[PDB]
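Consider the single chain below, provided in structure tokens and representing the form solved without its partner chain.
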């Protein structure tokens, strides 16, 4: 019946989810990947980025598929985040059943290749 802790969680937008100082918001208003990235920025953010299984383990409980910021730019390149930031090793296991240059996040760190024009729900993220 140990030392009770009690701390606030680093500024986040209003009514957003806060965890290990990262802010999340789950939008159910299905939109294509482009329209999707717009909403996030509109509220000053981007689509959910996966950078570490320790500070985002909550991510293991998400149900269904949702848009994240992983995209493939035909530069004869690899997959990356919409911000030019590099995907790191030992994080995501990617799945391919469709043709696409965008990806939906699935529970337990996995990316599903999906058409960027296909509407879907999405998750925005804002660090601190």
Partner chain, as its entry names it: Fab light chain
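Rigid core (definition): largest C-alpha set, two forms, superposition within 1.5 Å. Positions refer to the first chain, counted from 1.
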Fill in the blank from the handout: Of the two stretches 114-122 and 8-16, CA positions deviate more in 4 other deposited structures of this protein after rigid core alignment for 8-16
Exercise for the section: Name the stretch that deviates more in 4 other deposited structures of this protein: 86-94, or 29-37? Use RMS CA distance to the shown form, core superposed. Expected result: 86-94
Exercise for the section: Could you check the entry and say whether 59-67 or 86-94 has the higher mean CA B-factor? Expected result: 86-94
Handout entry: 50-58 or 73-81, whichever carries the higher mean Cα B-factor
Key = 73-81
Problem - Top Cα B factor in the deposited entry, candidates 115, 120, 21, 25 - result: 21
Exercise for the section: Ordered by C-alpha B-factor within the chain, which third holds residue 111? Give me lowest, middle or highest, please. Expected result: lowest
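Keep in mind that the form solved in complex with its partner chain is missing from the display, and what follows is about it.
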Exercise for the section: Mark residue 83 yes when one of its heavy atoms lies within 4.5 Å of a heavy atom of its partner chain in the entry with it bound, and no otherwise. Expected result: no
Practice task
Give a yes/no on whether residue 96 approaches its partner chain to within 4.5 Å in the entry with it bound, heavy atoms considered.
Solution key: yes
Practice task
Please check if residue 49 has a heavy atom lying within 4.5 Å of any heavy atom of its partner chain in the entry with it bound.
Solution key: no
